[PDB]
6 protein chains.
Amino acid sequence: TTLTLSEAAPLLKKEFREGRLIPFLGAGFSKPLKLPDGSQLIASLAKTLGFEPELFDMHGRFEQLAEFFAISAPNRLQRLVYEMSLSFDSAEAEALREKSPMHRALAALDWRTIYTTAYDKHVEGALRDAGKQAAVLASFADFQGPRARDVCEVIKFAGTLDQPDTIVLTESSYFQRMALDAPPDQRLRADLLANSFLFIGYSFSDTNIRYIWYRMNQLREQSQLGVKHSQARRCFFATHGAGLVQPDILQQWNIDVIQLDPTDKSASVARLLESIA
Amino acid sequence: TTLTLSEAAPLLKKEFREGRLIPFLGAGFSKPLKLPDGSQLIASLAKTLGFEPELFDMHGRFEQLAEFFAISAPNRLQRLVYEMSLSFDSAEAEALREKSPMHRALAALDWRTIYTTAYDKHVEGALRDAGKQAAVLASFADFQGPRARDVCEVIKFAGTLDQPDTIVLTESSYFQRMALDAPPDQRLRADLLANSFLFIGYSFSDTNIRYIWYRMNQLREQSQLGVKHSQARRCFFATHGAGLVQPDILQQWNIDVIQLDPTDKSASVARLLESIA
Amino acid sequence: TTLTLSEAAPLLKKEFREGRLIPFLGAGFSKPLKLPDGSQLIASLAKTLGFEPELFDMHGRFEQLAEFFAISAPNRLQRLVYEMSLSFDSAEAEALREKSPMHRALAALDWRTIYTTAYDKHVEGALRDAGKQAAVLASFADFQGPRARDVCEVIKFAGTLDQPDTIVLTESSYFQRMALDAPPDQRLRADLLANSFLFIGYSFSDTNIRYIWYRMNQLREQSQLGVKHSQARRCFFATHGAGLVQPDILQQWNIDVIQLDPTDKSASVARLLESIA
Amino acid sequence: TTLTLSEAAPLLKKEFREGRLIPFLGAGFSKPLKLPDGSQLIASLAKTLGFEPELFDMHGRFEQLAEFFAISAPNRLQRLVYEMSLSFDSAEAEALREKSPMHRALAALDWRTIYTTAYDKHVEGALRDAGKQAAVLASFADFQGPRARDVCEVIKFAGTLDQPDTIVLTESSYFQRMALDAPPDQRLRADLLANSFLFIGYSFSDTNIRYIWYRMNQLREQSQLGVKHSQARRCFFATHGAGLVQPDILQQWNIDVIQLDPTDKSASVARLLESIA
Amino acid sequence: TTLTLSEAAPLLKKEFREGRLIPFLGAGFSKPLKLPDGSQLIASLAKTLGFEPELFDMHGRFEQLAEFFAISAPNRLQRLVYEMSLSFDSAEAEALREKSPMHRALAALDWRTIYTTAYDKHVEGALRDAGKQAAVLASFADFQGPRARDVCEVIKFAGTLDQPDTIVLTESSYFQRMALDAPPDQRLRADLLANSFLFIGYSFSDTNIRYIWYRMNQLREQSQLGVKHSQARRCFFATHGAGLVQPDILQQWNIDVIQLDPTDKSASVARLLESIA
Amino acid sequence: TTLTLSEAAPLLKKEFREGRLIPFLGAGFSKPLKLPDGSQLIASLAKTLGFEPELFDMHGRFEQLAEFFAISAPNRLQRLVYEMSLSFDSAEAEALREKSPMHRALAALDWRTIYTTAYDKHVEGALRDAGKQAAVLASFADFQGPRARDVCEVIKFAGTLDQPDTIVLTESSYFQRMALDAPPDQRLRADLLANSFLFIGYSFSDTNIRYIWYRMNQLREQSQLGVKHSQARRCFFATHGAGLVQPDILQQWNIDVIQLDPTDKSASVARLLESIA
Ligand SMILES: NC(=O)c1ccc[n+]([C@@H]2O[C@H](COP(=O)([O-])OP(=O)(O)OC[C@H]3O[C@@H](n4cnc5c(N)ncnc54)[C@H](O)[C@@H]3O)[C@@H](O)[C@H]2O)c1
Ligand SMILES: NC(=O)c1ccc[n+]([C@@H]2O[C@H](COP(=O)([O-])OP(=O)(O)OC[C@H]3O[C@@H](n4cnc5c(N)ncnc54)[C@H](O)[C@@H]3O)[C@@H](O)[C@H]2O)c1
Ligand SMILES: NC(=O)c1ccc[n+]([C@@H]2O[C@H](COP(=O)([O-])OP(=O)(O)OC[C@H]3O[C@@H](n4cnc5c(N)ncnc54)[C@H](O)[C@@H]3O)[C@@H](O)[C@H]2O)c1
Ligand SMILES: NC(=O)c1ccc[n+]([C@@H]2O[C@H](COP(=O)([O-])OP(=O)(O)OC[C@H]3O[C@@H](n4cnc5c(N)ncnc54)[C@H](O)[C@@H]3O)[C@@H](O)[C@H]2O)c1
Ligand SMILES: NC(=O)c1ccc[n+]([C@@H]2O[C@H](COP(=O)([O-])OP(=O)(O)OC[C@H]3O[C@@H](n4cnc5c(N)ncnc54)[C@H](O)[C@@H]3O)[C@@H](O)[C@H]2O)c1
Ligand SMILES: NC(=O)c1ccc[n+]([C@@H]2O[C@H](COP(=O)([O-])OP(=O)(O)OC[C@H]3O[C@@H](n4cnc5c(N)ncnc54)[C@H](O)[C@@H]3O)[C@@H](O)[C@H]2O)c1
């Protein structure tokens, strides 16, 4: 009911040599860089607001606790972006990034489009370390702006720290993205029409991602394909700790789960990216 | 930062005598009828699937565990509706409903529209007990069908057990309601343009409700009213156990919190409905 | 294939005594007040821009010629609203309005909601002449504002001249209303769920009206009613000069055509409104 | 106020050598193939229905007369598609297509994406004549299906005759495309984020095209770019017979008009496509 | 044991002047129009699928190889119908149809019902060439629709290319016709109760035809007629190349074989149709 | 795309220990008994009729050549049954049946129902050799007659040689079985509702078998199960020489193909039946 690493490796080679595989990277892809995930940000937001980190986490979801932080005082969200910039894109986080085996194995492949939901320059920065060049596309002016003819376009689906208006962190920013009208939303839905995705380091907890794959399956069911042909194009979801309910919800949406070895989380991902090559 | 019962009582009399107050009832309004809430359904779904109820609750949200139940076997969702009808609308639940002080105090007021998110006939059934007559509107055929000129219209926002196609319980049904195209969705958004709502027994955990009050705030901010006039029309949120984060999120959306006495949850609501009269 | 006046008269009495009939008034309802229709505005916009009125009408539709007028010079649209106010709501147009037999026959009936697409105060002003009182609702602040317990609400679907931001006349304003997010758009779609409409003086040329009745039939077809029950609730379209193609397009959308006598257009409408009483 | 052929020629070379120019072809691109345009179809639909062709055109727009044709009898639309196949993609229309100077000059350039609103195989068929290979993408199964690594993708925006469910010809089919949910609609809106378009043989009469460029300007105005940077990325609209109103409406939407010589309409387009090379 | 042309000619005159003779035309009736039979379609289906035409034929019957073609890819059957319409009903196939001596001799007789198992308009199109008018009946809507008082009804037993839902080509479509519930199946079984049939250009290889004549003989045997009276009403089977087994199987079913001259297959059929006149 | 012996072995153990696996045996199961298949009968029918065996086969299918044999002379079919008895159920065919490894491995399993389409007592006779007892059910009197409480019922789907009226060999006998009214037809369709079948030694060439699995899938599709649940119950088709078209036709009908080793056809089947134990 769940693919292993050796079973999913020839399925990822076929989609990559056709140029129809696109990585979708999450917050967990920057964990060997000693960066906070969605839980240690809330531990840092509770320290500023005067909460205890265990008591503050019981007052709502991740989207709702950041909305409470941004309206506690004026210019409180701007300060967070400044602090995050100092800690996510620091010089010691760049030094851990050349010697990271995942970021070397990601940049060794010749991708054309990479989607990320992280606030750091460590995905396109891994491409600059391997001699390649990337193109960060986060806002409307980036898509309209000039780029080289053949460059891996890194689509910042959540925003970038150098453009603080594009960051979706609070609940009102996620509700603004429910209309699927943003330029990262329009680019994702057109690439999902024709390409397989590889989810690495991302867990389907945001309802803005789960709603896009819902309405792609709707176009699939109304097109009245057979049992054989509607199950042909799959997506892949590499996760060390997938439960029992969530892999069966995603079988509806043509998303296969790749079970990685949870003992060393960094080396299990690196062996997946080297098996595509 | 939170209204009490005596403070919010003259604010509810003014909106009621103008005919601009509409109750929004949740699952907690049927708790003195000894009915399961959203937690004891999951304890019953885990018993059928072979899970332990504490282990099954850690694999996702309420929307996602019901989606996992409905796809475990064919005709598994239909059986649940049949079982729910035997336990929610039973004869012993009707007998506890005439002697319930909340259902007597609700039907004593001359309402015109009541919104509910519960799967039981105990809100309109309380109106039949007081000699009044109600009109259940859940599907498109109910809105098109005939009704008395002046009858309290009970809008089943989540569906009714006698029309099992209207029930939104699984995650795919909540994503179908995100487009705000259903007849309960279109009727709610037009009544929110001109009326105050009174939330009783409902906790803002569903993202389909929180997204409607978000977009209402959009129409409000783009209309460029002042500080005084954009804060004039309020909504009221009676809750025994509101935390510290959630009342401040709802101040953005013109929703005031009424703190009820948590010692006796049944009598605190009944004193609120008698203070409107 | 088309109802006459005597055939449609008992069908309009039944929906009116149930309180489920709502008039939809167009620009043609103000033609006995000697006001310009959509053709004499274009003859006045061409005189300002330096065009001949016959040459200016061949360069695009009514929506597109007003968009060209509004961007010819700064503050050009505001001047038009000021001029329209001087000519539509003048004192000699009010004097022709008490002695108009259509406006007397409209105000003699006890309506609850009237939708209008004409930029003038001659529909609610006819209600003030008969001793009744009305409530103009055009913007978001009007729906939020205070009204009396029971007062016929006149919904300005196109806007009002005393609130020039609500006027939809140019093409960019009609494209802004395609999202169906405006408060007149949300109120219309919820009243269409449960009520019959009577189109008087309006011709279905705007694609914002034809798109609403399209998506109400979609909810009707997906609900899988029978042949008998999906054709039960009709709408009525009184028109002196309906062609051969347009009455058959509207049979899809449960809209019946009432053929009025084209010799005297003012008296044919007045006999329809007196036959409802 | 309007570019000529020699002025717009270096502006089209710059966008083509960067790979950011995409042709948008209309019904007028197949006029040297002696095929009917939108006016001679209506002359053929009126002959079947028993109308005179001059009387039938005065009963509504092109979208509305085809809706009237499709509901006159059962299986009346299927017959039209079959008849159109016999006349549009006939053998004598293919023989006029190798010796056509526009189709030779179109296939001489190394495009990557071509959008067409025509139901015929003479745009991708021109690419097969020049030794190149194309990929017709019209339905959801085409985007999901296999293609080669690098092949010019011809996006049938209106549908193809070999898949009669994808054809948008009647008014109900254009209203179904207003939601912008179709796979040609989602692919167009993502390519418009980053590319210049070249409109050849198409006149902006369909409100489904004019609404897409409206909402791309919304993203542009809300992003708060300057006067210089919001006017940087243009689109080009080659037309022999543009009027006086329509070129100024499209300056709002960053669409420049290229005036071609109306004496020989076939040779004026061919000199434009050879000036890009 | 087999009738010749001169022997069967007075037997066909007697059934024709009584109005009790009905032609049953097959795929071989369109062979002078240079159209593919059931063998050259399989040679064209093997070219698309990548098979060699000699290796593809050894993998199953004609019904089974078309079922394999239709499920190889989505929208693969709708592509075939479009391609067939370009080649069967082309303009050069119509030009060979006026000068064909069989189609002239068929239309010279005053028939009332013609059954055909070919997908093309060259049987009713031969009737339009002789000044007569025909009525194609293929689907349920054709039988319900209006026709003139007296017009030869051409029953498309296999379907027509302008209604692609009626085409029976794949194996699942032949199994759907085994229930004998289709409107061409119900019309054939009632005409077989009272009329002689003339099989021209058809070989009894489909098990849906052989099963109808089986169950008409079952009615004959249970009615307990004598040896003389059960053999009175015959059917006629004109074939150039009937073997040794198949003419004796059909003597059970009151089907006589007319041996035509196999040197010129076109002129042998034309002398049969002129001998009926 | 095709299961091997080791892959299909745990899938057959699960259905057997639940008691939901039923063998379907063909003519090829008696080939190590040196019995004629469907090709050497035709070589024996051609010798009686005076044909050459290579010329006789080109005159029709297996069903049609036996129909020609039975009507060549009176009492010609009765003689064939008598001759077949002398050769199929002879004493030297029984002596090869105890030492046959397939018949030992078939009788070692504790079956409850076995379907056969062969004319010999070597399937139930293998059960008598292993000490077990069987019950031959071929006609209506066998189903009505007495059997023991628990005895493997051998359903002769084609008939038995000791009841010559039940033998379906000629074409008129197969057309009599198309109505699915025979007691072997009614018993098969009810066991197919709830059980997996294992096809051994049978090739899907008879259209009476392929039509039953067609109409079981029709019930499956009208019941509107999902993609996961409609593919749950499979059937298994062990064949040494399956082609390229026929395994893909049967994927529609939930029939999986087990590829056996074609070098030794007797030992490959015996290793399959021993892998179930
Ligand atoms: N600048 C950043 O990197 C950053 C940091 C915190 C939050 N955020 C934003 O807030 C959102 C919430 O973050 P989240 O982490 O809670 O959810 P998430 O879905 O983005 O990350 C969780 C996933 O990371 C994976 N993961 C954890 N450790 C890993 C490892 N060592 N190697 C590979 N994968 C590993 C988990 O298995 C899990 O599937 C994020 O999606 C992001 O938009 C960004
Ligand atoms: N037929 C039913 O009544 C029923 C039962 C379970 C679930 N559901 C559906 O599933 C959803 C989840 O149910 P949920 O209960 O978890 O969410 P909920 O928001 O509807 O109910 C929680 C609210 O009930 C209030 N409440 C609890 N006890 C109360 C009392 N004695 N008096 C007054 N209020 C009380 C809580 O304070 C809390 O605010 C529901 O919204 C519903 O759509 C319906
Ligand atoms: N302040 C105004 O009254 C005014 C004036 C011009 C335009 N407009 C706006 O521009 C839009 C276009 O105006 P339009 O008139 O071209 O379209 P319209 O559809 O609103 O009016 C046309 C309809 O008026 C009817 N009509 C004409 N004369 C009539 C009469 N004597 N009695 C009853 N009905 C009569 C026609 O039969 C026709 O059905 C309008 O809908 C409006 O929004 C408003
Ligand atoms: N199979 C087809 O080609 C076909 C034919 C008719 C209609 N249609 C469909 O119906 C729609 C309406 O068709 P339409 O023609 O009225 O609108 P259109 O906008 O598609 O075509 C009109 C444009 O063609 C241009 N044009 C005319 N002659 C030309 C020439 N010789 N060279 C270059 N350009 C020329 C006109 O200047 C004008 O700008 C079409 O968009 C299409 O979807 C398709
Ligand atoms: N549009 C078409 O005409 C067409 C083409 C191919 C297949 N099909 C369909 O597929 C089925 C299989 O086609 P098939 O041809 O193999 O079977 P068939 O039974 O329809 O045709 C065989 C018959 O054609 C006759 N025939 C051959 N040449 C002839 C000639 N020159 N004059 C008169 N008769 C001639 C043969 O004697 C033979 O009896 C067809 O029945 C049809 O339903 C239709
Ligand atoms: N008394 C008999 O056994 C007998 C003999 C001849 C014909 N018949 C009847 O006429 C029909 C036609 O017979 P048919 O054989 O041509 O069709 P069939 O489908 O019954 O047999 C073909 C199958 O036999 C299998 N087979 C061949 N050799 C085998 C072996 N050594 N081990 C296992 N399987 C083997 C083939 O793989 C093939 O799948 C039969 O179905 C039957 O009803 C019965």
Side-chain angles (χ1 to χ4, degrees), chain B residues 5 9 12-13 15-17 19-37 40 81-139 142-143 145-164 166-167 184 187-188 191 195 197-202 236 238 240 258 260 264-277:
Chain B
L5 184 60
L12 292 174
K13 289 182 176 67
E15 296 293 326
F16 181 73
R17 67 172 62 92
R20 299 174 72 92
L21 184 64
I22 293 169
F24 192 89
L25 300 175
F29 190 75
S30 297
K31 293 295 289 183
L33 301 176
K34 294 179 176 66
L35 298 180
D37 58 354
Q40 281 77 243
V81 177
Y82 159 82
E83 292 159 327
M84 283 192 297
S85 66
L86 293 174
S87 66
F88 293 160
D89 291 329
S90 64
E92 67 269 15
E94 295 179 356
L96 293 174
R97 194 263 312 280
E98 295 94 8
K99 64 177 71 66
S100 179
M102 303 191 299
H103 295 85
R104 290 180 180 176
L106 181 67
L109 293 171
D110 194 1
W111 299 105
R112 292 183 293 170
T113 303
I114 295 170
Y115 288 88
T116 57
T117 55
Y119 319 120
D120 52 352
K121 58 177 183 66
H122 294 293
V123 173
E124 69 270 18
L127 294 174
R128 269 72 169 268
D129 291 331
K132 295 179 182 179
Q133 59 184 356
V136 178
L137 301 178
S139 65
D142 292 331
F143 287 99
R147 291 193 297 274
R149 284 222 43 165
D150 289 345
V151 63
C152 184
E153 294 177 353
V154 177
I155 307 296
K156 294 288 178 68
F157 186 78
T160 320
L161 292 176
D162 59 359
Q163 295 178 358
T166 62
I167 291 171
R187 179 66 180 270
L188 184 65
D191 288 331
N195 293 316
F197 289 170
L198 180 60
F199 296 97
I200 293 171
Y202 186 73
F236 296 97
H240 299 88
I258 299 168
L260 295 175
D264 193 0
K265 294 181 176 66
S266 299
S268 297
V269 177
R271 291 179 292 172
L272 189 144
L273 293 173
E274 291 176 354
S275 66
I276 301 169

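Each chain gets a letter, A, B and so on, in the order its sequence line appears, and its residues count up from 1.
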So do the side chains of [X] and [Y] get within less than 4.5 Å of each other, counting heavy atoms only?
X        : Y        : result
B:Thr117 : B:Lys156 : no
B:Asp120 : B:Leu161 : no
B:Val154 : B:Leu137 : no
B:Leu272 : B:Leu12  : yes
B:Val123 : B:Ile114 : yes
B:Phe199 : B:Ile258 : no
B:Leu198 : B:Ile276 : yes
B:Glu94  : B:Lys121 : yes

Looking only at heavy atoms, what is the nearest atom pair of [X] and [Y], with distance?
X        : Y        : value
B:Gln40  : B:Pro36  : CB-CB, 3.7 Å
B:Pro101 : B:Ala270 : O-CB, 4.0 Å
B:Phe88  : B:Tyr119 : CD1-O, 3.3 Å
B:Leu260 : B:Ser268 : CD2-O, 3.7 Å
B:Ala134 : B:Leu127 : CB-CD1, 3.8 Å
B:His122 : B:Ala93  : CE1-O, 3.5 Å

So, taking the atom named [atom1] in [X] and the one named [atom2] in [Y], what distance separates them when rounded to the nearest 0.5 Å?
X        : Y        : atom1 : atom2 : value
B:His103 : B:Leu273 : NE2   : CG    : 10.0 Å
B:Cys152 : B:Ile22  : SG    : CD1   : 9.5 Å
B:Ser266 : B:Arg271 : OG    : CZ    : 11.0 Å
B:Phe29  : B:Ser100 : CZ    : OG    : 7.0 Å
B:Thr113 : B:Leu188 : OG1   : CG    : 10.5 Å
B:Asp191 : B:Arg112 : CG    : CZ    : 9.5 Å

Audit row: B:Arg104, B:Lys99, side chain to side chain contact (heavy atoms under 4.5 Å, CB included) steps and yes/no: CA-CA 8 Å; B:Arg104 290 180 180 176; B:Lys99 64 177 71 66; 4.2 Å; yes
On the 0 to 90° scale, with breaks at 30° and 60°, tag the B:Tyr115-B:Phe24 ring pair as parallel, tilted or perpendicular.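 If you compare the ring of B:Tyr115 with that of B:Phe24, the planes turn out parallel.
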Given salt bridge (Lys or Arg N to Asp or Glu O under 4.0 Å), test B:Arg187 with B:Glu153 step by step and report yes or no. CA-CA 11 Å; B:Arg187 179 66 180 270; B:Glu153 294 177 353; 2.6 Å; yes
Would you sort out whether B:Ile167 and B:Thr160 count as a side chain to side chain contact (heavy atoms under 4.5 Å, CB included), showing the intermediate values? CA-CA 6 Å; B:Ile167 291 171; B:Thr160 320; over 6 Å; no
Are side-chain N/O atoms of B:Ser139 and B:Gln163 paired as donor and acceptor at under 3.5 Å? yes
Quick one: does any side-chain atom of B:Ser30 pair with a main-chain N or O of B:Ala27 as donor and acceptor, under 3.5 Å?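 Flag not set: sc B:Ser30 to bb B:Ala27 has no pair under 3.5 Å.
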Please check if the side chain of B:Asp89 supplies one atom and the backbone of B:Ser85 the other of a donor-acceptor pair under 3.5 Å.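 Absent.
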Between B:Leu106 and B:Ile200, is the side chain to side chain contact (heavy atoms under 4.5 Å, CB included) condition met? List the steps. CA-CA 11 Å; B:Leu106 181 67; B:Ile200 293 171; 5.8 Å; no
For B:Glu98, check side-chain hydrogen bond (donor to acceptor under 3.5 Å, both in side chains) against everything at least two apart and list the hits.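 B:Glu98 satisfies side-chain hydrogen bond (donor to acceptor under 3.5 Å, both in side chains) with no residue once adjacent residues are dropped.
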Do other residues, nucleotides or ligands put more than 12 heavy atoms under 6.0 Å from B:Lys13 NZ?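 Yes - once you tally the heavy atoms of other residues, nucleotides and ligands closer than 6.0 Å, there are more than 12.
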